[PDB]
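Chemist: Just dropping in an experimental structure and the matching sequence.
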Amino acid sequence: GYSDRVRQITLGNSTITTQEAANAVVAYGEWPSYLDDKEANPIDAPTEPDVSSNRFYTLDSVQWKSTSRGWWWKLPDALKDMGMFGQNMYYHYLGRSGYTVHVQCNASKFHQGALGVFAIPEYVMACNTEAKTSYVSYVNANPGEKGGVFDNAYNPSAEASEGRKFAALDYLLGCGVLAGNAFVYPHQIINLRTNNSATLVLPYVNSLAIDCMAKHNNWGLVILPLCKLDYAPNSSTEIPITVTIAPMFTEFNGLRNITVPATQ
Amino acid sequence: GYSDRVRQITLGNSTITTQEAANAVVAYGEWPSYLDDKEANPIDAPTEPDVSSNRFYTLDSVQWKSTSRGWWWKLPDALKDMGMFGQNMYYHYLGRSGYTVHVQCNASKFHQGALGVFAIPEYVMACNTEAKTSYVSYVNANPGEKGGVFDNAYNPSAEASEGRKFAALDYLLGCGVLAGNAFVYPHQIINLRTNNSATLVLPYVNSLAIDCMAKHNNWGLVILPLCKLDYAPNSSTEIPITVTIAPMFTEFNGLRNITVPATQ
Amino acid sequence: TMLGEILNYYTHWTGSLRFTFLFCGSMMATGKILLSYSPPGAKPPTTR
Amino acid sequence: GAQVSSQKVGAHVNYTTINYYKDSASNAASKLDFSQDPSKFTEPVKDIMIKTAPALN
Amino acid sequence: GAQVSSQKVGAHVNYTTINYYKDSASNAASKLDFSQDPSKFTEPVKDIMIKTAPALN
Amino acid sequence: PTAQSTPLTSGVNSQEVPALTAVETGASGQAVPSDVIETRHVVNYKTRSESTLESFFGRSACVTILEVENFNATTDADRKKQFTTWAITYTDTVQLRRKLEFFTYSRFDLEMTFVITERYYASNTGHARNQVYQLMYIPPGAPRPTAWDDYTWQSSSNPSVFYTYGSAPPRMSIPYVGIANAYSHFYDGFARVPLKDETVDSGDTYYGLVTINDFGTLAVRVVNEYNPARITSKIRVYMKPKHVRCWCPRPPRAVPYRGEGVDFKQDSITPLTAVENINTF
Ligand SMILES: CC(=O)N[C@H]1[C@H]([C@H](O)[C@H](O)CO)O[C@@](O)(C(=O)O)C[C@@H]1O
Ligand SMILES: [Ca+2]
Ligand SMILES: [Ca+2]
Ligand SMILES: [Ca+2]
Ligand SMILES: [Ca+2]
Ligand SMILES: [Ca+2]
Ligand SMILES: [Ca+2]
Ligand SMILES: [Cl-]
Ligand SMILES: [Cl-]
Ligand SMILES: [Cl-]
Ligand SMILES: [Cl-]
Ligand SMILES: [Cl-]
Ligand SMILES: [Cl-]
Ligand SMILES: [Mg+2]
Ligand SMILES: [Mg+2]
Ligand code: NA
């Protein structure tokens, strides 16, 4: 009766079902957990918001087209305006979180295409000016739930001031490595003939026990079309990709007034 | 060495000292506590924000003058915009809280005056029109940290629309009972010759385990000058009264999008 | 400060800092004073 | 306080180490560590996959 | 007459000392001494002060 | 411990199908030859000794070339040639950097070795006595020299090495000195949060590890006063990570670096040579 294809995930007041899964990835074989006393750093009693924040948040959907080059998000950036998770994140200097990432893309037995879904620790990307190095604005680095898109062309700016965004070049994974090697990162593939969802469970990953969520994204989420969407009756068809992410084992230190980041 | 006059209170990252206290009141002899499984009502796992919210918040100070008739606040209304307590309150349908109330008023050995400090369960007050009954706007009932003032005159409005505020008549405690009987409520007195502070520890009080904080104030805080401020060198002198309140054993149920009450 | 001078012989520091305030008004002076520490990343506080 | 350990085999025995310095940072290379768990990268799946069984049942 | 002592931990054991000279002045640094009594400077008071009690009673 | 031996196996005719899988799961292929062919028994005595992290990193790599000179300096520019300062980094060269960047995080002690070389600038200005070099490690905050003979070189607290030209390459060990529990090779973030309506510049701020990294400064001088003969020197700095741990593997750098970040160069992003046909042996 039980199947690798059929899964239920419940966190807080939120449940996901899938009937065409392909198992689930636990990044580096490690389930998220709270911070042990023997690895702790800040000494204030932490906030552990539990069910208020450790629940599935659904981002705005994106459209997969035959011409799409792919999508990226950063975490915790993508969830910074998500209910009580966002409030706990911005009221504290320090935060740590694991995640359940659930990527959703259904089609038909007549559609074809394959998405690589990668969770990348410290997903540092190239800037779009050759007048400077490491020259990216906070606003362009932290787009929130809208995330960004890859391109198949690199066109760095004439002026340094116009190039303060990522050069998200698909085949170099936006960071000067070949995309074919992205499989060294925790991943699943949504191959439309096989599965309609990817599930990745991510522990907290950093060189520290806890860090400044508003300064530092721990994970990149990359969705690359490895094989282009094709549908014989309409080559111009679009199918949605929906990203749903639950924080897990969230812990916050250094309470004060709320952080309100620059928007320009 | 230890004295009824000298006290330290620590909650979360906040500490109060006083060197001229007069013991402390525990309202109805009951310390606040979390809601037991045998008295519980909503079945969702509650948020217990602990140190993020259960800490001393200092309101805007008010000025005690020889002509002052007194001050009132409602709880949790007075704390609705206080850090993470306010955020937890408005992100949830349901909340319960106890409080430590610390009222601060120092002067000199040459000043005189006495403040009655009363914690009143269900502090329902009279409206200011005789064209209607129970006719008070949400905005006037819920002033927040600024609270309100008592008057020694009752001047109900010509038009019903102009009288949708409390008739906070001092000697009737704004509610048709004699102020001299307010001592049946948990109270202290700040008598300037004796003490410079009042401390009241309040359990949650209601006919329910948990309730809608944005709809319903559980406690009134009343400060009445029982004996007027007097200072021989300057009868027009003013001394501050400062109100500092810590939520305690806070518990919230029914998480959703944030409540944003009407401001007009 | 003595702590500051010692710290300037080192590159790294960790731990809690203690700020002790001595009131030097007359015995007849009363008052209540709020002393605050706000961990970073938000608007620096200029109001109580 | 001499350590006697196996050498790496050559074409056709043991060697002796004494640490001369009070800081471990001063020490020669760590001894060969043959530890490995490729599965944390090659098979980081929640549900066990038996090679002989279908990957998807 | 070799002394074997614990090294200061690094990124990821013991070390050996032999004194070669007849004068202790010739020796390497004294071993780490974690002794301390801040109270002789921070609290040099005749009468015990209990933190939780009033400083002046 | 050895790499895997091959067991003796014959054929199969079975509902057991180890040749098929579903890499959608995020699992790599797992099948080995004994799953899909008839195999003999082969005892494998071979080991993965030389691909342990300690073995992979167990080399002194050149990370920079510094220059210093010794001559009678009469201009500001020539006075600045009598000593040099270098912000300590592994990003001046590409080879060790690329090996480290197989990993997101690392923890290691460092062996630092130096190779010091000289040449005469000119003939017919006489000769030069054998030179002593001072290499001073200036941790962040310690005062940096503004002249080759200023007070900073007394080095009461900073570690210095005095090297005599012609002696064995000088060498010292550095502990794991990170202020985190590991070194970060990559940092997806900023040094500070820019806040709503602040007046602080957001137009010329940087991104990533360059905003947060500081391993201090190496200062080098010739200790000798000037000879009539100008001597020019190179100091090659070598790093060997030892007692190594690493976490979170990454695809290696596929295209040229163009600075301290992950940025790439428009004329150098075509690493593959096109094959004539998909069917080219
Ligand atoms: C670094 C360099 O190139 N040095 C060269 C100098 C310089 O050109 C001086 O300016 C003039 O002595 O000239 C030489 O003819 C010399 O002095 O014997 C050869 C020498 O190698
Ligand atoms: Ca909690
Ligand atoms: Ca909790
Ligand atoms: Ca005390
Ligand atoms: Ca199989
Ligand atoms: Ca076989
Ligand atoms: Ca010199
Ligand atoms: Cl957002
Ligand atoms: Cl308010
Ligand atoms: Cl040279
Ligand atoms: Cl000197
Ligand atoms: Cl560091
Ligand atoms: Cl070819
Ligand atoms: Mg949003
Ligand atoms: Mg307010
Ligand atoms: Na073997």
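Modeler: Nice, I can see it. Numbers count the residues shown, from 1 in each chain, chains lettered A, B, ... in the order given. Ligands and ions are numbered 1, 2, ... in the order given.
Chemist: and the helix or strand residue A:84 falls within with chain B, contact?
Modeler: Assigned by DSSP states H and E, residue A:84 belongs to helix A:83-91. Yes: using C-beta under 8 Å from any C-beta of the partner chain, helix A:83-91 reaches chain B at A:83-84, A:87-88, A:91. C-betas here are computed from N, CA, C, even on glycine.
Chemist: quick check, nearest of these to residue A:121?
Modeler: Closest approach between the residues of helix A:83-91 next to chain B and residue A:121, by C-beta to C-beta: residue A:88, at 22.3 Å.
Chemist: Can you give me the neighbour number for residue 10?
Modeler: Chain wasn't specified; assuming chain A. For residue A:10, the neighbour count with other C-beta atoms under 10 Å in any protein chain shown is 11.
Chemist: Wait, chain D was what I had in mind.
Modeler: Residue D:10: 5 neighbours (other C-beta under 10 Å).
Chemist: With residue A:229 as the reference, measure out to residue A:151.
Modeler: 17 Å (C-beta to C-beta, to the nearest Å).
Chemist: For those two, indicate the residue with more neighbours.
Modeler: residue A:229 (23 against 16).
Chemist: And the residue in the stretch 101-250 of chain A positioned nearest to ligand 10, its phi and psi?
Modeler: Relative to ligand 10, the nearest point of the stretch 101-250 of chain A is residue A:133 (29.6 Å; C-beta to the ion). Main-chain torsions, residue A:133, degrees, to the nearest 10: phi -120, psi 150.
Chemist: burial count for residue F:74?
Modeler: If we define neighbours as other C-beta under 10 Å, then residue F:74 has 8 of them.
Chemist: for the residues of helix A:83-91 next to chain B, which one is nearest residue C:20?
Modeler: Taking the residues of helix A:83-91 next to chain B together and measuring to residue C:20 by C-beta to C-beta, the closest member is residue A:91, at 28.4 Å.
Chemist: Tell me who's in contact with that closest one.
Modeler: A:252, A:255-259, B:52, B:83-84, B:87 (C-beta atoms under 8 Å, 6 or more residues apart in numbering or on different chains).
Chemist: Could I have the buried ones of these as PyMOL selection syntax?
Modeler: Those of the contacts of residue A:91 that count as buried under 16 or more other C-beta atoms under 10 Å in any protein chain shown are selected in PyMOL with:
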select buried, (chain A and resi 252+255+256+257+259) or (chain B and resi 52+83+84+87)
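Chemist: ok, which of the contacts of residue A:91 also contact ligand 8?
Modeler: Checking those against ligand 8 by C-beta under 5 Å from the ion, not one of them is in range.
Chemist: Quick check: the gap between the nearest residue to the residue of the stretch 101-250 of chain A closest to ligand 10 once chain neighbours are set aside and ligand 15.
Modeler: Of all residues not flanking residue A:133 in the chain, residue F:259 sits nearest, at 3.3 Å (C-beta to C-beta, 6 or more residues apart in numbering or on different chains). Residue F:259 is 48 Å from ligand 15, where distance means C-beta to the ion, to the nearest Å.
Chemist: Tell me if I'm right that residue F:259 and residue A:134 touch.
Modeler: Yes: Residue F:259 is in contact with residue A:134 according to C-beta atoms under 8 Å; the separation is 7.1 Å.
Chemist: Show me which residues of the stretch 151-281 of chain F sit near chain D.
Modeler: Residues of the stretch 151-281 of chain F lying near chain D (C-beta under 8 Å from any C-beta): F:173-176, F:242-244, F:249.
Chemist: Check the stretch 1-150 of chain F too.
Modeler: F:1, F:16-18, F:20-22, F:24-28, F:30-31, F:35, F:47-49, F:52-55, F:58, F:109.
Chemist: now chain A
Modeler: A:3-5, A:22-30, A:184, A:186, A:194, A:199, A:201.
Chemist: Now a ChimeraX select for only the buried ones of the residues you listed.
Modeler: Buried residues among the residues of chain A next to chain D (16+ other C-beta under 10 Å), as a ChimeraX selection:
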select /A:4,5,22,23,24,25,26,27,28,29,184,186,194,199,201
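Chemist: Of all residues in chain C, which one is closest to ligand 8?
Modeler: For chain C, C-beta to the ion, closest residue to ligand 8: residue C:41, 17.6 Å.
Chemist: For that residue, the count of nearby residues, please.
Modeler: 24.
Chemist: Identify the farthest-apart pair in the residues of helix A:83-91 next to chain B.
Modeler: Longest span within the residues of helix A:83-91 next to chain B, C-beta to C-beta: A:83 and A:91, 13.3 Å.
Chemist: need the contact list for the spatially most central residue of chain C.
Modeler: Geometric centre of chain C, nearest residue: residue C:19, 4.4 Å, by C-alpha atoms, centre = their mean. Contact analysis of residue C:19 by C-beta under 8 Å, 6+ apart lists residue C:35.
Chemist: Strands of the chain, start to end?
Modeler: You didn't say which chain, so I picked chain A. A:7-11, A:14-18, A:25-26, A:57-58, A:62-64, A:71-75, A:92-104, A:112-121, A:148-149, A:187-191, A:197-202, A:219-230, A:239-255 (DSSP state E).
Chemist: Same list, those, but as JSON lines with distance to chain E please.
Modeler: Output for the strands of chain A, formatted as JSON lines (distance: least, C-beta to the nearest C-beta, whole Å):
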{"stretch": "strand A:7-11", "distance to chain E": "37"}
{"stretch": "strand A:14-18", "distance to chain E": "41"}
{"stretch": "strand A:25-26", "distance to chain E": "26"}
{"stretch": "strand A:57-58", "distance to chain E": "38"}
{"stretch": "strand A:62-64", "distance to chain E": "43"}
{"stretch": "strand A:71-75", "distance to chain E": "29"}
{"stretch": "strand A:92-104", "distance to chain E": "23"}
{"stretch": "strand A:112-121", "distance to chain E": "20"}
{"stretch": "strand A:148-149", "distance to chain E": "36"}
{"stretch": "strand A:187-191", "distance to chain E": "29"}
{"stretch": "strand A:197-202", "distance to chain E": "26"}
{"stretch": "strand A:219-230", "distance to chain E": "25"}
{"stretch": "strand A:239-255", "distance to chain E": "25"}
